[PDB]
file query24.csv (CSV, N, CA, C and O atoms)
chain,number,residue,atom,x,y,z
A,1,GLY,N,42.8,18.7,-39.8
A,1,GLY,CA,41.6,19.2,-40.3
A,1,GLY,C,40.8,18.2,-41.2
A,1,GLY,O,41.3,17.1,-41.4
A,2,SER,N,39.7,18.6,-41.6
A,2,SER,CA,38.8,17.8,-42.5
A,2,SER,C,38.1,18.6,-43.5
A,2,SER,O,38.0,19.8,-43.4
A,3,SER,N,37.6,17.9,-44.5
A,3,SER,CA,36.9,18.6,-45.6
A,3,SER,C,35.4,18.5,-45.5
A,3,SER,O,34.9,17.4,-45.1
A,4,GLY,N,34.7,19.6,-45.7
A,4,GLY,CA,33.2,19.6,-45.6
A,4,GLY,C,32.6,20.9,-45.9
A,4,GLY,O,32.6,21.8,-45.1
A,5,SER,N,32.2,21.1,-47.2
A,5,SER,CA,31.6,22.3,-47.6
A,5,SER,C,30.4,22.0,-48.6
A,5,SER,O,30.5,21.1,-49.4
A,6,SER,N,29.4,22.8,-48.5
A,6,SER,CA,28.2,22.7,-49.3
A,6,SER,C,27.6,24.0,-49.6
A,6,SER,O,27.9,25.1,-49.0
A,7,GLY,N,26.7,24.1,-50.6
A,7,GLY,CA,26.0,25.3,-51.0
A,7,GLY,C,26.8,26.1,-52.0
A,7,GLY,O,27.2,27.2,-51.7
A,8,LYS,N,27.1,25.5,-53.2
A,8,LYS,CA,27.8,26.1,-54.2
A,8,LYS,C,27.0,26.3,-55.5
A,8,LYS,O,27.3,27.1,-56.4
A,9,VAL,N,25.9,25.6,-55.5
A,9,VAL,CA,25.0,25.7,-56.7
A,9,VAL,C,23.7,24.8,-56.4
A,9,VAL,O,23.7,23.9,-55.7
A,10,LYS,N,22.6,25.2,-57.1
A,10,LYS,CA,21.3,24.6,-56.9
A,10,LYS,C,21.4,23.2,-57.6
A,10,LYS,O,22.3,22.9,-58.4
A,11,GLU,N,20.5,22.3,-57.2
A,11,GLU,CA,20.4,20.9,-57.7
A,11,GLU,C,19.2,20.7,-58.6
A,11,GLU,O,18.1,21.2,-58.3
A,12,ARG,N,19.4,20.0,-59.7
A,12,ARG,CA,18.3,19.7,-60.6
A,12,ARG,C,17.6,18.5,-60.2
A,12,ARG,O,18.2,17.4,-60.2
A,13,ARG,N,16.3,18.6,-60.0
A,13,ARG,CA,15.5,17.4,-59.6
A,13,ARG,C,15.5,16.4,-60.7
A,13,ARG,O,15.4,16.7,-61.9
A,14,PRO,N,15.5,15.1,-60.3
A,14,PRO,CA,15.5,14.0,-61.3
A,14,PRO,C,14.2,13.8,-62.0
A,14,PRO,O,13.3,14.7,-62.0
A,15,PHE,N,14.0,12.7,-62.7
A,15,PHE,CA,12.7,12.4,-63.4
A,15,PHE,C,12.1,11.1,-62.9
A,15,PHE,O,10.9,11.0,-63.0
A,16,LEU,N,12.9,10.2,-62.5
A,16,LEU,CA,12.4,8.9,-62.0
A,16,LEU,C,12.5,8.8,-60.5
A,16,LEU,O,13.6,8.7,-59.9
A,17,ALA,N,11.3,8.9,-59.8
A,17,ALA,CA,11.3,8.9,-58.4
A,17,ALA,C,12.1,7.7,-57.8
A,17,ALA,O,12.5,7.7,-56.7
A,18,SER,N,12.3,6.7,-58.7
A,18,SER,CA,13.1,5.5,-58.3
A,18,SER,C,14.6,5.9,-58.2
A,18,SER,O,15.3,5.4,-57.3
A,19,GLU,N,15.1,6.6,-59.2
A,19,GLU,CA,16.5,7.0,-59.3
A,19,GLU,C,16.9,7.6,-57.9
A,19,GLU,O,18.0,7.3,-57.4
A,20,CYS,N,16.1,8.5,-57.4
A,20,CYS,CA,16.4,9.1,-56.1
A,20,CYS,C,16.3,8.1,-54.9
A,20,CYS,O,15.3,7.9,-54.3
A,21,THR,N,17.4,7.5,-54.6
A,21,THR,CA,17.5,6.5,-53.5
A,21,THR,C,17.7,7.2,-52.2
A,21,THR,O,18.3,6.6,-51.3
A,22,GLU,N,17.3,8.5,-52.1
A,22,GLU,CA,17.4,9.2,-50.8
A,22,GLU,C,16.1,9.6,-50.3
A,22,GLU,O,15.3,10.3,-50.9
A,23,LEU,N,15.8,9.1,-49.0
A,23,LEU,CA,14.6,9.4,-48.3
A,23,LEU,C,14.4,10.9,-48.1
A,23,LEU,O,13.4,11.5,-48.4
A,24,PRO,N,15.5,11.5,-47.5
A,24,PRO,CA,15.5,12.9,-47.1
A,24,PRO,C,15.6,13.8,-48.4
A,24,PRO,O,15.4,15.0,-48.3
A,25,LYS,N,15.8,13.2,-49.5
A,25,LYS,CA,15.9,13.9,-50.8
A,25,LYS,C,14.5,14.0,-51.5
A,25,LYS,O,14.2,15.1,-52.1
A,26,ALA,N,13.7,13.0,-51.4
A,26,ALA,CA,12.4,13.0,-51.9
A,26,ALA,C,11.4,13.8,-51.1
A,26,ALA,O,10.3,14.1,-51.6
A,27,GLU,N,11.8,14.2,-49.9
A,27,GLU,CA,11.0,15.0,-49.0
A,27,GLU,C,11.1,16.5,-49.4
A,27,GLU,O,10.2,17.2,-49.2
A,28,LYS,N,12.2,16.8,-50.1
A,28,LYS,CA,12.4,18.2,-50.5
A,28,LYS,C,11.9,18.4,-51.9
A,28,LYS,O,11.5,19.5,-52.3
A,29,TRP,N,11.9,17.3,-52.7
A,29,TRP,CA,11.5,17.4,-54.1
A,29,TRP,C,10.0,17.4,-54.2
A,29,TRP,O,9.4,17.8,-55.3
A,30,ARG,N,9.3,17.0,-53.1
A,30,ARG,CA,7.9,17.0,-53.1
A,30,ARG,C,7.3,18.4,-52.8
A,30,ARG,O,6.3,18.8,-53.4
A,31,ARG,N,8.0,19.1,-51.9
A,31,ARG,CA,7.6,20.5,-51.6
A,31,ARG,C,7.9,21.5,-52.7
A,31,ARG,O,7.1,22.4,-52.9
A,32,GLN,N,9.0,21.3,-53.4
A,32,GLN,CA,9.4,22.1,-54.5
A,32,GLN,C,8.3,22.1,-55.6
A,32,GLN,O,8.1,23.1,-56.2
A,33,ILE,N,7.7,21.0,-55.8
A,33,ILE,CA,6.7,20.8,-56.8
A,33,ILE,C,5.4,21.5,-56.4
A,33,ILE,O,4.7,22.1,-57.3
A,34,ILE,N,5.0,21.5,-55.1
A,34,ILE,CA,3.8,22.1,-54.6
A,34,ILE,C,3.8,23.6,-54.9
A,34,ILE,O,2.9,24.2,-55.4
A,35,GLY,N,5.0,24.3,-54.6
A,35,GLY,CA,5.1,25.7,-54.8
A,35,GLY,C,4.9,26.1,-56.3
A,35,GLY,O,4.3,27.1,-56.6
A,36,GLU,N,5.3,25.2,-57.2
A,36,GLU,CA,5.1,25.4,-58.6
A,36,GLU,C,3.7,25.4,-59.0
A,36,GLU,O,3.2,26.3,-59.7
A,37,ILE,N,3.0,24.3,-58.6
A,37,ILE,CA,1.6,24.1,-58.9
A,37,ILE,C,0.8,25.3,-58.6
A,37,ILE,O,0.0,25.9,-59.4
A,38,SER,N,0.9,25.8,-57.3
A,38,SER,CA,0.2,27.0,-56.8
A,38,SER,C,0.5,28.2,-57.7
A,38,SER,O,-0.4,28.8,-58.2
A,39,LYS,N,1.8,28.5,-57.8
A,39,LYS,CA,2.2,29.7,-58.7
A,39,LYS,C,1.4,29.7,-60.0
A,39,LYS,O,1.1,30.7,-60.6
A,40,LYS,N,1.2,28.5,-60.5
A,40,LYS,CA,0.5,28.3,-61.8
A,40,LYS,C,-1.0,28.4,-61.6
A,40,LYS,O,-1.7,29.0,-62.4
A,41,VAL,N,-1.5,27.9,-60.5
A,41,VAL,CA,-3.0,27.9,-60.2
A,41,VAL,C,-3.5,29.3,-60.2
A,41,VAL,O,-4.6,29.6,-60.7
A,42,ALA,N,-2.7,30.2,-59.7
A,42,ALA,CA,-3.1,31.6,-59.6
A,42,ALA,C,-3.3,32.2,-61.0
A,42,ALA,O,-4.4,32.7,-61.3
A,43,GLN,N,-2.3,32.1,-61.9
A,43,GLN,CA,-2.4,32.6,-63.3
A,43,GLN,C,-3.7,32.1,-63.9
A,43,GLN,O,-4.3,32.8,-64.7
A,44,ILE,N,-4.1,30.9,-63.6
A,44,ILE,CA,-5.3,30.3,-64.1
A,44,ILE,C,-6.6,30.9,-63.5
A,44,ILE,O,-7.5,31.2,-64.2
A,45,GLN,N,-6.5,31.1,-62.2
A,45,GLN,CA,-7.7,31.7,-61.5
A,45,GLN,C,-8.0,33.1,-62.0
A,45,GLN,O,-9.1,33.5,-61.9
A,46,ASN,N,-6.9,33.8,-62.4
A,46,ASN,CA,-7.1,35.1,-62.9
A,46,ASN,C,-8.0,35.2,-64.2
A,46,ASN,O,-8.9,36.0,-64.2
A,47,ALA,N,-7.7,34.3,-65.1
A,47,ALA,CA,-8.5,34.2,-66.3
A,47,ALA,C,-8.4,35.5,-67.1
A,47,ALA,O,-9.4,36.0,-67.7
A,48,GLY,N,-7.2,36.1,-67.1
A,48,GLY,CA,-7.0,37.4,-67.8
A,48,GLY,C,-5.7,37.5,-68.5
A,48,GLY,O,-5.2,38.5,-68.8
A,49,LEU,N,-5.2,36.3,-68.9
A,49,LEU,CA,-3.9,36.2,-69.6
A,49,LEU,C,-4.2,35.8,-71.1
A,49,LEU,O,-3.3,36.1,-72.0
A,50,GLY,N,-5.3,35.1,-71.3
A,50,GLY,CA,-5.6,34.7,-72.7
A,50,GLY,C,-5.6,33.2,-72.8
A,50,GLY,O,-4.7,32.5,-72.3
A,51,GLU,N,-6.6,32.6,-73.5
A,51,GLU,CA,-6.7,31.2,-73.7
A,51,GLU,C,-5.3,30.6,-73.9
A,51,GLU,O,-4.9,29.7,-73.1
A,52,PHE,N,-4.6,31.0,-74.9
A,52,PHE,CA,-3.3,30.5,-75.2
A,52,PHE,C,-2.5,30.3,-73.9
A,52,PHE,O,-1.8,29.3,-73.7
A,53,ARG,N,-2.6,31.3,-73.0
A,53,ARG,CA,-1.9,31.3,-71.7
A,53,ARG,C,-2.5,30.2,-70.8
A,53,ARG,O,-1.8,29.3,-70.4
A,54,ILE,N,-3.7,30.3,-70.5
A,54,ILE,CA,-4.4,29.4,-69.6
A,54,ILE,C,-4.1,28.0,-70.0
A,54,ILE,O,-4.0,27.1,-69.2
A,55,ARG,N,-4.1,27.7,-71.4
A,55,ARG,CA,-3.8,26.4,-71.9
A,55,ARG,C,-2.4,25.9,-71.5
A,55,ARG,O,-2.2,24.8,-71.0
A,56,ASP,N,-1.4,26.8,-71.7
A,56,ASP,CA,0.0,26.5,-71.4
A,56,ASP,C,0.1,26.1,-69.9
A,56,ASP,O,0.8,25.2,-69.5
A,57,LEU,N,-0.6,26.9,-69.1
A,57,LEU,CA,-0.5,26.7,-67.6
A,57,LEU,C,-1.2,25.4,-67.2
A,57,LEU,O,-0.5,24.5,-66.7
A,58,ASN,N,-2.5,25.3,-67.5
A,58,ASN,CA,-3.2,24.1,-67.1
A,58,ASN,C,-2.4,22.8,-67.6
A,58,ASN,O,-2.4,21.8,-66.9
A,59,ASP,N,-1.8,22.9,-68.7
A,59,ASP,CA,-1.1,21.8,-69.3
A,59,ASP,C,0.0,21.4,-68.3
A,59,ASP,O,0.2,20.2,-68.1
A,60,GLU,N,0.7,22.4,-67.7
A,60,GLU,CA,1.8,22.1,-66.8
A,60,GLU,C,1.2,21.6,-65.5
A,60,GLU,O,1.8,20.7,-64.8
A,61,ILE,N,0.2,22.3,-65.0
A,61,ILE,CA,-0.5,21.9,-63.7
A,61,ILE,C,-0.5,20.4,-63.5
A,61,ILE,O,0.0,19.9,-62.5
A,62,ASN,N,-1.0,19.7,-64.5
A,62,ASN,CA,-1.1,18.3,-64.5
A,62,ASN,C,0.3,17.6,-64.4
A,62,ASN,O,0.6,16.8,-63.5
A,63,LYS,N,1.2,18.1,-65.3
A,63,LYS,CA,2.6,17.5,-65.3
A,63,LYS,C,3.2,17.7,-64.0
A,63,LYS,O,4.0,16.8,-63.6
A,64,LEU,N,2.9,18.8,-63.2
A,64,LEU,CA,3.5,19.0,-61.9
A,64,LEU,C,2.8,18.1,-60.9
A,64,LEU,O,3.5,17.6,-60.0
A,65,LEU,N,1.5,17.9,-61.0
A,65,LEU,CA,0.8,17.0,-60.0
A,65,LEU,C,1.3,15.6,-60.2
A,65,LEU,O,1.6,15.0,-59.2
A,66,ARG,N,1.3,15.1,-61.4
A,66,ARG,CA,1.7,13.7,-61.6
A,66,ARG,C,3.0,13.4,-60.9
A,66,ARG,O,3.1,12.3,-60.3
A,67,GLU,N,3.9,14.3,-60.9
A,67,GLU,CA,5.2,14.2,-60.3
A,67,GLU,C,5.0,14.0,-58.8
A,67,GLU,O,5.7,13.2,-58.2
A,68,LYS,N,4.1,14.8,-58.2
A,68,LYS,CA,3.9,14.7,-56.8
A,68,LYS,C,3.4,13.3,-56.4
A,68,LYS,O,3.9,12.7,-55.4
A,69,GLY,N,2.4,12.8,-57.1
A,69,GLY,CA,1.9,11.5,-56.8
A,69,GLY,C,2.9,10.4,-56.7
A,69,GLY,O,2.8,9.4,-56.1
A,70,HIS,N,4.1,10.7,-57.3
A,70,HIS,CA,5.2,9.8,-57.3
A,70,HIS,C,6.2,10.0,-56.2
A,70,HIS,O,6.7,9.1,-55.5
A,71,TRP,N,6.4,11.3,-55.9
A,71,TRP,CA,7.3,11.7,-54.8
A,71,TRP,C,6.6,11.5,-53.5
A,71,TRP,O,7.0,10.7,-52.7
A,72,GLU,N,5.5,12.3,-53.2
A,72,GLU,CA,4.8,12.2,-51.9
A,72,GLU,C,4.6,10.7,-51.6
A,72,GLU,O,4.6,10.3,-50.4
A,73,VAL,N,4.5,9.8,-52.6
A,73,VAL,CA,4.3,8.4,-52.3
A,73,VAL,C,5.6,7.7,-52.2
A,73,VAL,O,5.8,6.8,-51.4
A,74,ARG,N,6.5,8.1,-53.1
A,74,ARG,CA,7.8,7.4,-53.1
A,74,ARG,C,8.5,7.6,-51.8
A,74,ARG,O,9.4,6.8,-51.4
A,75,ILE,N,8.1,8.6,-51.0
A,75,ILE,CA,8.7,8.9,-49.7
A,75,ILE,C,8.3,7.9,-48.7
A,75,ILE,O,9.0,7.6,-47.8
A,76,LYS,N,7.0,7.4,-48.8
A,76,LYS,CA,6.5,6.5,-47.9
A,76,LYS,C,7.0,5.1,-48.2
A,76,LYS,O,7.3,4.3,-47.3
A,77,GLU,N,7.2,4.7,-49.5
A,77,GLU,CA,7.7,3.4,-49.9
A,77,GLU,C,9.1,3.3,-49.5
A,77,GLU,O,9.6,2.2,-49.4
A,78,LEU,N,9.8,4.4,-49.3
A,78,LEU,CA,11.2,4.4,-48.9
A,78,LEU,C,11.4,4.2,-47.4
A,78,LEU,O,12.4,3.7,-46.9
A,79,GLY,N,10.3,4.5,-46.7
A,79,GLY,CA,10.3,4.3,-45.2
A,79,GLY,C,10.1,5.6,-44.5
A,79,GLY,O,10.4,5.7,-43.3
A,80,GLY,N,9.6,6.6,-45.2
A,80,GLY,CA,9.3,7.9,-44.6
A,80,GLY,C,7.8,8.1,-44.4
A,80,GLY,O,7.0,7.2,-44.3
A,81,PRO,N,7.4,9.4,-44.3
A,81,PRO,CA,6.0,9.8,-44.1
A,81,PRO,C,5.2,9.6,-45.3
A,81,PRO,O,5.7,9.3,-46.4
A,82,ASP,N,3.8,9.7,-45.1
A,82,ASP,CA,2.9,9.4,-46.3
A,82,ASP,C,2.2,10.7,-46.6
A,82,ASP,O,1.5,11.3,-45.8
A,83,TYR,N,2.5,11.2,-47.8
A,83,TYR,CA,1.8,12.4,-48.3
A,83,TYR,C,0.9,12.2,-49.4
A,83,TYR,O,-0.1,12.9,-49.6
A,84,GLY,N,1.1,11.1,-50.2
A,84,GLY,CA,0.2,10.7,-51.3
A,84,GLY,C,-0.8,9.7,-50.9
A,84,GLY,O,-2.0,9.8,-51.4
A,85,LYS,N,-0.5,8.8,-50.0
A,85,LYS,CA,-1.4,7.8,-49.5
A,85,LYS,C,-2.7,8.5,-49.0
A,85,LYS,O,-3.8,8.1,-49.3
A,86,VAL,N,-2.5,9.4,-48.1
A,86,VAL,CA,-3.6,10.2,-47.5
A,86,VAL,C,-4.4,10.9,-48.6
A,86,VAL,O,-5.7,10.9,-48.6
A,87,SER,N,-3.7,11.5,-49.5
A,87,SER,CA,-4.4,12.3,-50.6
A,87,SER,C,-5.0,11.4,-51.6
A,87,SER,O,-4.4,10.8,-52.5
A,88,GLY,N,-6.3,11.2,-51.4
A,88,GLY,CA,-7.1,10.3,-52.3
A,88,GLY,C,-7.2,8.9,-51.8
A,88,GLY,O,-6.7,8.5,-50.7
A,89,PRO,N,-7.8,8.0,-52.6
A,89,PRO,CA,-8.0,6.6,-52.2
A,89,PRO,C,-6.7,5.8,-52.3
A,89,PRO,O,-5.6,6.4,-52.5
A,90,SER,N,-6.7,4.5,-52.1
A,90,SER,CA,-5.6,3.6,-52.1
A,90,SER,C,-5.3,3.1,-53.5
A,90,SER,O,-6.2,2.6,-54.1
A,91,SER,N,-4.0,3.3,-54.0
A,91,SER,CA,-3.7,2.9,-55.3
A,91,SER,C,-2.3,2.2,-55.3
A,91,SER,O,-1.4,2.7,-54.6
A,92,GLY,N,-2.1,1.1,-56.0
A,92,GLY,CA,-0.9,0.4,-56.0
A,92,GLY,C,-0.9,-1.0,-55.4
A,92,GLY,O,-0.6,-2.0,-56.1
call {"tool": "encode", "arguments": {"input": "query24.csv", "output": "structure tokens"}}
result
Amino acid sequence: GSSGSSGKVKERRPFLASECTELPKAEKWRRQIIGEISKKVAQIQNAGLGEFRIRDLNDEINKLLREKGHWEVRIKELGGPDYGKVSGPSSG
């Protein structure tokens, strides 16, 4: 027989796109961020939670986007598809 089992607990995304030396890993960390941004965009579009709230949200929105610019791009620099290059002008 042989050993091979997975799916025992969720994984915590890193902080340095460089640390993740996995091409197929940066492809999943980029999509996970997109879902977060949207979920937040809604609360903001509502404009019925209160300045204090809107501020907290918008604040994260950027923090979430910045991460994407590194992932979506880090995936291309690793040898995969380009998600950041297309989005916006050329940088780097």
call {"tool": "residues_around", "arguments": {"input": "query24.csv", "residues": "residue A:80", "least_positions_apart": "6", "cutoff": "8 Å", "atoms": "all atoms listed in the file", "output": "ChimeraX atom specification"}}
result
/A:23-24,72-74
call {"tool": "closest_residue", "arguments": {"input": "query24.csv", "among": "A:82, A:77, A:56, A:67", "to": "residue A:33", "atoms": "all atoms listed in the file"}}
result
A:67
call {"tool": "residues_around", "arguments": {"input": "query24.csv", "residues": "stretch 58-64 of chain A", "least_positions_apart": "5", "cutoff": "6 Å", "atoms": "only N, CA, C and O atoms", "output": "PyMOL selection string"}}
result
chain A and resi 33+37+53+69
call {"tool": "atom_distance", "arguments": {"input": "query24.csv", "atom1": "atom N of residue A:36", "atom2": "atom C of residue A:66"}}
result
12.6 Å
call {"tool": "atom_distance", "arguments": {"input": "query24.csv", "atom1": "atom CA of residue A:16", "atom2": "atom CA of residue A:4"}}
result
28.6 Å
call {"tool": "residues_around", "arguments": {"input": "query24.csv", "residues": "residue A:34", "least_positions_apart": "6", "cutoff": "8 Å", "atoms": "only N, CA, C and O atoms", "output": "number ranges by chain"}}
result
A: 28, 40-41, 64-65, 68
call {"tool": "write_last_selection", "arguments": {"input": "query24.csv", "atoms": "N, CA, C and O atoms", "output": "PDB file, in the coordinates of the input"}}
result
ATOM      1  N   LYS A  28      12.200  16.800 -50.100  1.00  0.00           N
ATOM      2  CA  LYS A  28      12.400  18.200 -50.500  1.00  0.00           C
ATOM      3  C   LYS A  28      11.900  18.400 -51.900  1.00  0.00           C
ATOM      4  O   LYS A  28      11.500  19.500 -52.300  1.00  0.00           O
ATOM      5  N   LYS A  40       1.200  28.500 -60.500  1.00  0.00           N
ATOM      6  CA  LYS A  40       0.500  28.300 -61.800  1.00  0.00           C
ATOM      7  C   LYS A  40      -1.000  28.400 -61.600  1.00  0.00           C
ATOM      8  O   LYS A  40      -1.700  29.000 -62.400  1.00  0.00           O
ATOM      9  N   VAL A  41      -1.500  27.900 -60.500  1.00  0.00           N
ATOM     10  CA  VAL A  41      -3.000  27.900 -60.200  1.00  0.00           C
ATOM     11  C   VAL A  41      -3.500  29.300 -60.200  1.00  0.00           C
ATOM     12  O   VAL A  41      -4.600  29.600 -60.700  1.00  0.00           O
ATOM     13  N   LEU A  64       2.900  18.800 -63.200  1.00  0.00           N
ATOM     14  CA  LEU A  64       3.500  19.000 -61.900  1.00  0.00           C
ATOM     15  C   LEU A  64       2.800  18.100 -60.900  1.00  0.00           C
ATOM     16  O   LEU A  64       3.500  17.600 -60.000  1.00  0.00           O
ATOM     17  N   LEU A  65       1.500  17.900 -61.000  1.00  0.00           N
ATOM     18  CA  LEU A  65       0.800  17.000 -60.000  1.00  0.00           C
ATOM     19  C   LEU A  65       1.300  15.600 -60.200  1.00  0.00           C
ATOM     20  O   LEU A  65       1.600  15.000 -59.200  1.00  0.00           O
ATOM     21  N   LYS A  68       4.100  14.800 -58.200  1.00  0.00           N
ATOM     22  CA  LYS A  68       3.900  14.700 -56.800  1.00  0.00           C
ATOM     23  C   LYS A  68       3.400  13.300 -56.400  1.00  0.00           C
ATOM     24  O   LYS A  68       3.900  12.700 -55.400  1.00  0.00           O
TER      25      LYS A  68
END
call {"tool": "select_by_dssp", "arguments": {"input": "query24.csv", "residues": "stretch 12-81 of chain A", "states": "helix (DSSP H, G or I)", "output": "PyMOL selection string"}}
result
chain A and resi 23-46+51-78
call {"tool": "closest_residue", "arguments": {"input": "query24.csv", "among": "A:49, A:54, A:71, A:88", "to": "residue A:30", "atoms": "all atoms listed in the file"}}
result
A:71
call {"tool": "atom_distance", "arguments": {"input": "query24.csv", "atom1": "atom CA of residue A:76", "atom2": "atom CA of residue A:22"}}
result
11.6 Å
call {"tool": "decode", "arguments": {"input": "query24.csv", "residues": "stretch 21-45 of chain A", "atoms": "N, CA and C atoms", "output": "tab-separated table (two decimals), in the first residue's frame"}}
result
chain	number	residue	atom	x	y	z
A	21	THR	N	6.26	29.54	-3.68
A	21	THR	CA	7.00	29.06	-4.84
A	21	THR	C	6.19	28.03	-5.62
A	22	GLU	N	4.87	28.13	-5.53
A	22	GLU	CA	3.98	27.20	-6.22
A	22	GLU	C	3.12	27.93	-7.25
A	23	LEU	N	3.26	27.53	-8.51
A	23	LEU	CA	2.49	28.15	-9.59
A	23	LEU	C	1.00	27.89	-9.42
A	24	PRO	N	0.64	26.61	-9.22
A	24	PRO	CA	-0.75	26.20	-9.04
A	24	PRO	C	-1.33	26.67	-7.71
A	25	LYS	N	-0.47	27.22	-6.86
A	25	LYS	CA	-0.89	27.72	-5.56
A	25	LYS	C	-1.29	29.19	-5.64
A	26	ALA	N	-0.56	29.95	-6.44
A	26	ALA	CA	-0.84	31.37	-6.61
A	26	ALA	C	-2.08	31.59	-7.48
A	27	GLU	N	-2.51	30.53	-8.17
A	27	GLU	CA	-3.68	30.61	-9.03
A	27	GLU	C	-4.96	30.52	-8.22
A	28	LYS	N	-4.87	29.90	-7.04
A	28	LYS	CA	-6.03	29.75	-6.17
A	28	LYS	C	-6.09	30.89	-5.15
A	29	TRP	N	-4.94	31.47	-4.84
A	29	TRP	CA	-4.87	32.56	-3.89
A	29	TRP	C	-5.34	33.87	-4.52
A	30	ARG	N	-5.36	33.90	-5.85
A	30	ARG	CA	-5.79	35.09	-6.57
A	30	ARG	C	-7.32	35.16	-6.66
A	31	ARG	N	-7.94	34.00	-6.84
A	31	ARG	CA	-9.40	33.92	-6.94
A	31	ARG	C	-10.05	34.13	-5.57
A	32	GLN	N	-9.39	33.63	-4.53
A	32	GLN	CA	-9.91	33.77	-3.17
A	32	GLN	C	-10.00	35.23	-2.76
A	33	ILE	N	-9.08	36.04	-3.27
A	33	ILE	CA	-9.05	37.47	-2.96
A	33	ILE	C	-10.17	38.20	-3.69
A	34	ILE	N	-10.46	37.78	-4.92
A	34	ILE	CA	-11.51	38.40	-5.72
A	34	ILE	C	-12.86	38.31	-5.01
A	35	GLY	N	-13.18	37.12	-4.51
A	35	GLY	CA	-14.44	36.93	-3.81
A	35	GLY	C	-14.59	37.85	-2.62
A	36	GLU	N	-13.49	38.12	-1.94
A	36	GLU	CA	-13.51	39.00	-0.77
A	36	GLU	C	-13.81	40.44	-1.17
A	37	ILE	N	-13.09	40.93	-2.17
A	37	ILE	CA	-13.28	42.29	-2.65
A	37	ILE	C	-14.74	42.56	-2.98
A	38	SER	N	-15.34	41.67	-3.76
A	38	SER	CA	-16.74	41.81	-4.15
A	38	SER	C	-17.64	41.87	-2.92
A	39	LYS	N	-17.56	40.84	-2.08
A	39	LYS	CA	-18.37	40.78	-0.87
A	39	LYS	C	-18.34	42.11	-0.13
A	40	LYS	N	-17.22	42.81	-0.22
A	40	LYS	CA	-17.06	44.10	0.44
A	40	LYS	C	-17.65	45.22	-0.41
A	41	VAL	N	-17.45	45.13	-1.72
A	41	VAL	CA	-17.96	46.14	-2.64
A	41	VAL	C	-19.46	46.34	-2.46
A	42	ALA	N	-20.17	45.25	-2.20
A	42	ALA	CA	-21.61	45.30	-1.99
A	42	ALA	C	-21.97	46.18	-0.80
A	43	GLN	N	-21.41	45.84	0.36
A	43	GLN	CA	-21.67	46.60	1.58
A	43	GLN	C	-21.47	48.10	1.35
A	44	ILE	N	-20.51	48.43	0.49
A	44	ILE	CA	-20.22	49.82	0.18
A	44	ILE	C	-21.28	50.41	-0.75
A	45	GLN	N	-21.68	49.64	-1.75
A	45	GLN	CA	-22.68	50.09	-2.71
A	45	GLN	C	-24.01	50.37	-2.01
